[PDB]
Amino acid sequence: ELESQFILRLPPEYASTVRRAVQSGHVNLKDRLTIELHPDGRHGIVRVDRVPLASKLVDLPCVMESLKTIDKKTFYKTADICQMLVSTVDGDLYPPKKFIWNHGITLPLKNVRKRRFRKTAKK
């Protein structure tokens, strides 16, 4: 089965904590960072050192590929990426279109949907 891949976005303070952990390579990252997805498939909780962050799975506008390389000249596609798990410091941890993201990940694709995508003409 195809490997599933997606982007995790953390608030900057938490992202820093996690990045140092990824870089150290310590096994305990597995306890220090956990992801829980709720039954609705859109909301969830990311935990950094047991601190719960309200999270939402959103749909990115641009198709994004991850490509792996050995020599840095030839590249092999490993996956299509089209979703992002966005964690915030406020929000309902357990919440009772708003899942459409409007921006690409990179700077120039700000507002891609509204500014840089030819829109379809019906009929």
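When you see a residue number, it is the position in the sequence shown, counting from 1.
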With B-factors read from the PDB entry, the higher C-alpha mean of 87-95 and 58-66 is in 87-95
Once average C-alpha B-factors are taken from the entry for 36-44 and 78-86, the winner is 36-44
Entry-reported C-alpha B-factor of residue 113 relative to its chain, by third, is highest
Entry-reported C-alpha B-factor of residue 105 relative to its chain, by third, is middle
